[PDB]
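Structure data follow from structure07.cif (mmCIF, C-alpha atoms and all ligand atoms):
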data_my_file
loop_
_atom_site.label_atom_id
_atom_site.label_comp_id
_atom_site.auth_asym_id
_atom_site.auth_seq_id
_atom_site.Cartn_x
_atom_site.Cartn_y
_atom_site.Cartn_z
CA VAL A 3 -19.39 7.36 14.63
CA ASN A 4 -22.51 5.18 14.91
CA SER A 5 -25.70 5.06 16.99
CA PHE A 6 -25.08 2.11 19.34
CA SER A 7 -25.45 3.28 22.95
CA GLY A 8 -24.20 2.02 26.30
CA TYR A 9 -21.80 -0.60 24.94
CA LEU A 10 -18.63 -1.67 26.72
CA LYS A 11 -15.52 -1.66 24.52
CA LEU A 12 -13.75 -5.01 24.65
CA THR A 13 -11.27 -4.56 21.76
CA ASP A 14 -10.57 -2.27 18.84
CA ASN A 15 -13.65 -3.59 17.03
CA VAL A 16 -15.82 -5.59 19.50
CA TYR A 17 -18.34 -4.01 21.89
CA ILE A 18 -20.79 -5.69 24.29
CA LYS A 19 -24.02 -4.77 26.09
CA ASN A 20 -26.49 -6.51 28.41
CA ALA A 21 -29.54 -6.17 26.17
CA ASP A 22 -32.10 -8.00 24.05
CA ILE A 23 -30.93 -7.95 20.42
CA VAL A 24 -34.58 -7.35 19.42
CA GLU A 25 -34.72 -4.11 21.42
CA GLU A 26 -31.30 -3.00 20.19
CA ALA A 27 -32.43 -3.59 16.61
CA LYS A 28 -35.70 -1.73 17.14
CA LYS A 29 -33.71 1.23 18.51
CA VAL A 30 -30.76 1.35 16.09
CA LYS A 31 -32.23 -0.12 12.88
CA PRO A 32 -28.75 -1.43 12.00
CA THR A 33 -27.70 -2.29 8.49
CA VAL A 34 -27.22 -5.88 9.68
CA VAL A 35 -28.68 -7.86 12.58
CA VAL A 36 -27.30 -11.39 13.00
CA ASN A 37 -29.64 -14.29 13.70
CA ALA A 38 -28.44 -17.40 15.55
CA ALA A 39 -29.91 -19.65 12.88
CA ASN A 40 -30.11 -23.39 12.27
CA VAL A 41 -29.60 -24.99 8.85
CA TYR A 42 -33.36 -25.21 8.16
CA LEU A 43 -34.03 -21.58 9.14
CA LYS A 44 -36.66 -22.89 11.56
CA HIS A 45 -36.92 -19.96 13.96
CA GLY A 46 -38.70 -21.59 16.87
CA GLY A 47 -36.77 -20.55 19.97
CA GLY A 48 -33.68 -18.83 21.29
CA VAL A 49 -32.51 -15.69 19.49
CA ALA A 50 -34.12 -16.91 16.27
CA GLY A 51 -37.53 -17.35 17.87
CA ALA A 52 -37.21 -13.93 19.51
CA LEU A 53 -36.26 -12.15 16.28
CA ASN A 54 -38.92 -13.98 14.30
CA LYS A 55 -41.63 -13.16 16.85
CA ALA A 56 -40.69 -9.47 16.65
CA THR A 57 -41.26 -9.62 12.86
CA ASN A 58 -44.76 -11.06 13.31
CA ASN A 59 -43.53 -14.31 11.65
CA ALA A 60 -42.49 -12.50 8.44
CA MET A 61 -38.92 -13.74 8.97
CA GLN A 62 -40.17 -17.34 9.01
CA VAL A 63 -42.31 -16.88 5.87
CA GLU A 64 -39.35 -15.43 3.98
CA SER A 65 -37.07 -18.17 5.32
CA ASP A 66 -39.44 -20.92 4.18
CA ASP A 67 -39.27 -19.56 0.63
CA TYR A 68 -35.46 -19.36 0.87
CA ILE A 69 -35.20 -23.03 1.91
CA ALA A 70 -37.71 -24.18 -0.71
CA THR A 71 -35.54 -22.56 -3.39
CA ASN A 72 -32.01 -23.19 -2.08
CA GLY A 73 -32.11 -26.03 0.43
CA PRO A 74 -30.52 -25.96 3.87
CA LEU A 75 -27.54 -23.94 4.93
CA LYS A 76 -24.28 -25.52 6.08
CA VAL A 77 -23.23 -25.54 9.73
CA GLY A 78 -20.78 -22.63 9.79
CA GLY A 79 -22.56 -20.96 6.86
CA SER A 80 -24.91 -18.03 6.40
CA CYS A 81 -27.34 -16.25 4.15
CA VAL A 82 -28.48 -12.63 3.89
CA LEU A 83 -32.24 -12.04 4.03
CA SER A 84 -34.43 -9.07 4.91
CA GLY A 85 -34.21 -7.46 8.31
CA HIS A 86 -37.95 -6.70 8.15
CA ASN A 87 -38.89 -4.10 10.79
CA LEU A 88 -35.68 -4.69 12.77
CA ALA A 89 -32.80 -3.88 10.40
CA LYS A 90 -32.04 -3.47 6.72
CA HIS A 91 -30.71 -7.03 6.47
CA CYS A 92 -30.62 -10.12 8.65
CA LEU A 93 -27.48 -12.25 8.38
CA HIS A 94 -28.62 -15.75 9.35
CA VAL A 95 -25.51 -17.51 10.69
CA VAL A 96 -25.42 -21.18 11.71
CA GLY A 97 -23.11 -21.89 14.61
CA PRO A 98 -22.64 -25.50 15.70
CA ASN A 99 -25.30 -26.79 18.13
CA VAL A 100 -23.52 -28.87 20.76
CA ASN A 101 -26.86 -30.24 22.00
CA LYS A 102 -27.23 -31.81 18.54
CA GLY A 103 -23.68 -33.18 18.78
CA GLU A 104 -22.29 -30.77 16.19
CA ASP A 105 -18.59 -29.94 15.89
CA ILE A 106 -17.68 -26.86 17.95
CA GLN A 107 -14.63 -26.26 15.72
CA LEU A 108 -17.09 -24.89 13.11
CA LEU A 109 -17.67 -21.87 15.37
CA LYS A 110 -14.72 -20.03 13.81
CA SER A 111 -16.15 -20.59 10.33
CA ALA A 112 -19.50 -19.25 11.56
CA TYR A 113 -17.93 -16.03 12.86
CA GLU A 114 -15.98 -15.55 9.60
CA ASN A 115 -19.31 -14.69 7.95
CA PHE A 116 -19.33 -11.47 9.99
CA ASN A 117 -16.26 -10.20 8.09
CA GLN A 118 -18.40 -9.64 4.98
CA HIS A 119 -20.18 -6.74 6.76
CA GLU A 120 -18.57 -3.55 8.02
CA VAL A 121 -20.83 -3.22 11.11
CA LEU A 122 -23.17 -5.75 12.75
CA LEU A 123 -25.46 -6.11 15.73
CA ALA A 124 -25.08 -9.73 16.82
CA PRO A 125 -25.80 -12.35 19.49
CA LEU A 126 -23.21 -14.71 20.98
CA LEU A 127 -23.09 -17.58 18.48
CA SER A 128 -23.47 -21.18 19.69
CA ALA A 129 -24.19 -19.99 23.26
CA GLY A 130 -27.51 -20.30 25.07
CA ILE A 131 -29.62 -23.21 23.86
CA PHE A 132 -26.94 -24.10 21.28
CA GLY A 133 -24.99 -25.52 24.22
CA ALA A 134 -21.43 -24.22 23.72
CA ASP A 135 -19.22 -22.50 26.30
CA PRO A 136 -20.07 -18.77 26.05
CA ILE A 137 -16.63 -17.67 27.26
CA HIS A 138 -15.17 -19.68 24.38
CA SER A 139 -17.62 -18.16 21.90
CA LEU A 140 -16.64 -14.62 22.91
CA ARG A 141 -12.96 -15.57 22.54
CA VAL A 142 -13.54 -16.99 19.05
CA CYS A 143 -15.50 -13.85 18.13
CA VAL A 144 -12.73 -11.47 19.18
CA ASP A 145 -10.07 -13.62 17.50
CA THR A 146 -11.99 -14.05 14.22
CA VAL A 147 -14.13 -11.00 13.50
CA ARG A 148 -12.23 -7.99 12.15
CA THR A 149 -15.24 -5.81 11.30
CA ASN A 150 -17.14 -3.81 13.91
CA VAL A 151 -19.39 -6.03 16.01
CA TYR A 152 -21.84 -4.95 18.71
CA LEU A 153 -22.71 -7.99 20.82
CA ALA A 154 -26.04 -7.99 22.66
CA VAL A 155 -26.22 -10.52 25.51
CA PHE A 156 -29.68 -10.80 27.06
CA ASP A 157 -28.84 -12.79 30.19
CA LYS A 158 -27.57 -10.39 32.86
CA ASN A 159 -25.68 -12.97 34.90
CA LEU A 160 -23.96 -14.16 31.73
CA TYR A 161 -23.08 -10.62 30.63
CA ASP A 162 -21.48 -9.98 34.02
CA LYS A 163 -19.57 -13.27 33.82
CA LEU A 164 -18.41 -12.55 30.26
CA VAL A 165 -17.04 -9.11 31.14
CA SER A 166 -15.36 -10.26 34.35
CA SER A 167 -13.63 -13.22 32.66
CA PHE A 168 -12.57 -11.54 29.41
CA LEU A 169 -8.84 -11.73 28.65
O1 LIG A 201 -28.32 -14.13 26.34
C1 LIG A 201 -27.97 -14.88 25.43
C2 LIG A 201 -26.58 -15.57 25.26
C3 LIG A 201 -26.69 -16.46 24.01
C4 LIG A 201 -28.09 -16.20 23.40
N1 LIG A 201 -28.81 -15.27 24.36
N2 LIG A 201 -30.10 -14.86 24.17
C5 LIG A 201 -30.35 -13.59 23.64
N3 LIG A 201 -29.24 -12.86 23.31
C6 LIG A 201 -29.43 -11.59 22.81
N4 LIG A 201 -30.68 -11.07 22.61
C7 LIG A 201 -31.77 -11.80 22.91
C8 LIG A 201 -31.66 -13.10 23.44
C9 LIG A 201 -32.94 -13.80 23.76
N5 LIG A 201 -33.92 -13.09 24.39
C10 LIG A 201 -35.12 -13.70 24.68
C11 LIG A 201 -35.35 -15.04 24.33
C12 LIG A 201 -34.38 -15.78 23.70
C13 LIG A 201 -33.17 -15.16 23.40
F1 LIG A 201 -32.23 -15.92 22.76
BR BR A 202 -30.78 -18.59 23.87
#

Reformat the file's structure so that it appears as structure tokens.
Ligand SMILES: O=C1CCCN1Nc1ncncc1-c1ncccc1F
Ligand SMILES: [Br-]
Amino acid sequence: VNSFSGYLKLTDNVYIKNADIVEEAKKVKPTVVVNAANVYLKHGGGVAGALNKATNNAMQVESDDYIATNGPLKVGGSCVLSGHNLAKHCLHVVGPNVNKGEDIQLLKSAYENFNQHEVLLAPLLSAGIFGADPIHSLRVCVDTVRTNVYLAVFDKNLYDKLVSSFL
């Protein structure tokens, strides 16, 4: 038993809610919140901008030190950093950004990072301003992640479309 509330059960291990991941994190304080990162950990907009804003830019400061030490992530890769006031840890995961022309096949690799954590609060990778088909992203999630994932989808119309079209 865990403390996530109001989620719809899609599969054995995947749950979904129409909610802002920031507000879900502030409520649950999960062990892991997933950020929809880019390879430079530049958290300007989308989910990343929203999470970073809710940390008062502490996420960005920490990320800048990470990049200065380690260099950029790979598309499809991840790193674990602090969750600041939102969660114990933040798993920064880089899905492919179709609006940058990146290879959507890397989306499966991106979701594989979730399997290193028993439970996660996550956004829909590569959707939104990353330009991929959100129905496809949800399909890849369900077919790749084996650990327990609570998906927060902020856009109400999208949430409704995702539930109604789920196979
Ligand atoms: O709705 C969707 C589908 C894909 C990404 N996305 N956005 C979010 N998803 C979960 N929580 C928060 C946001 C969010 N909220 C405010 C500003 C920006 C944001 F990205
Ligand atoms: Br977005």

Around all the atoms of ligand LIG 201 (chain A) listed in the file, draw an axis-aligned box and extend it by 5 Å on each of the six sides; I want its centre and edge lengths in Å to one decimal, as AutoDock Vina command-line options.
--center_x -31.0 --center_y -13.8 --center_z 24.5 --size_x 18.8 --size_y 15.4 --size_z 13.7

When distances are computed from only C-alpha atoms and all ligand atoms, which of A:34, A:169, A:3, A:137 shows the smallest separation from ligand LIG 201 (chain A)?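 So, comparing all the options, the nearest one is A:137.
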
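If you measure from each of A:155, A:41, A:124, A:88 to residue 57 of chain A using only C-alpha atoms, the closest one turns out to be A:88.
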
Close residues, residue 114 of chain A itself excluded, 10 Å, all atoms listed in the file, min 3 positions apart in chain, as number ranges by chain: A: 78-80, 95, 109-111, 117-118, 142-143, 146-149

Using all atoms listed in the file, pick whichever of A:44, A:158, A:11, A:163 has the shortest atom-to-atom distance to ligand LIG 201 (chain A).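 Smallest distance to ligand LIG 201 (chain A) is found for A:158.
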